[PDB]
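Q:
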Amino acid sequence: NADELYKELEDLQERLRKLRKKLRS
Amino acid sequence: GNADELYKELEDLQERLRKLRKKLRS
Amino acid sequence: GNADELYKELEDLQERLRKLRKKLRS
Amino acid sequence: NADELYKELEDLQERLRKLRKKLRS
Numbered sequence: 002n003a004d005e006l007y008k009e010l011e012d013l014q015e016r017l018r019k020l021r022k023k024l025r026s
Numbered sequence: 001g002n003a004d005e006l007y008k009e010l011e012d013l014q015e016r017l018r019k020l021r022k023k024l025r026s
Numbered sequence: 001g002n003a004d005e006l007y008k009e010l011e012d013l014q015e016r017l018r019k020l021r022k023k024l025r026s
Numbered sequence: 002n003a004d005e006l007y008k009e010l011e012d013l014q015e016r017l018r019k020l021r022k023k024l025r026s
């Protein structure tokens with residue numbers, strides 16, 4: 002469903018932001 | 001620099017997911 | 001080890017996308 | 002659309018596999 006898919010995409014996007022923050026650290 | 005190049009590639013993937021979310025709403 | 005830990009995290013994200021593709025077909 | 006979204010997800014999955022191959026190299 003569009004909402005389940007949307008939530009998963011946002012969680013993956015947040016994980017990438019967090020990995021990028023770790024690369025910076 | 002490998003870390004800088006990986007950081008940029010991950011930013012591109014992050015931005016692709018941001019845009020997919022926008023397309024799902026559109 | 002940072003590179004090994006990054007490799008595993010990227011594998012998890014890759015697997016999440018593989019499973020999302022399966023859900024789209026289901 | 003489900004097919005456009007699917008194609009994008011697979012391209013992101015392939016990019017992650019390619020980044021992992023580079024981490025190994």
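Protein chains in written order, with PDB author numbering: chain B, 2 to 26; chain A, 1 to 26; chain A', 1 to 26; chain B', 2 to 26. A prime marks a further copy of an entry chain.
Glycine residues also receive a C-beta, built at the ideal position from the N, C-alpha and C atoms.
Could you work out which residues of chain B' lie near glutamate 11 of chain A', taking near to mean beta carbons separated by less than 9 Å?
A: Here residue 11 of chain A' corresponds to residue number 11 of the third sequence, with the count starting at 1. In chain order: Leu17, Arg18, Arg21.
Q: Can you tell me whether DSSP reads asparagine 2 of chain A' as helix, strand or coil?
A: Here residue 2 of chain A' refers to the residue found at position 2 when the third sequence is read from its first residue. In this structure, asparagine 2 of chain A' counts as helix in the three-state DSSP scheme.
Q: Under 9 Å, do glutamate 9 of chain A and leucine 20 of chain B' count as touching if we go by C-beta distance?
A: Position 9 of the second sequence, counted from the first residue, corresponds to residue 9 of chain A. Position 19 of the fourth sequence, counted from the first residue, corresponds to residue 20 of chain B'. Against a cut-off of 9 Å, the Cβ pair of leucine 20 of chain B' and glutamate 9 of chain A comes out as a contact.
Q: Can you give me the C-alpha to C-alpha distance between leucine 24 of chain B and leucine 6 of chain A', rounded to a whole angstrom?
A: Residue numbering aside, residue 24 of chain B sits at position 23 when the first sequence is read from its first letter. Residue numbering aside, residue 6 of chain A' sits at position 6 when the third sequence is read from its first letter. Near 9 Å, if we compare the C-alpha coordinates of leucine 6 of chain A' and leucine 24 of chain B.
Q: Figure out for me which residue from A:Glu11, A:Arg16, A:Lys22 has the closest Cα to the Cα of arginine 18 of chain B.
A: For the purposes of this step, residue 18 of chain B is taken as the residue at position 17 of the first sequence. Out of A:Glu11, A:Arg16, A:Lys22, A:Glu11 has the C-alpha closest to the C-alpha of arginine 18 of chain B.
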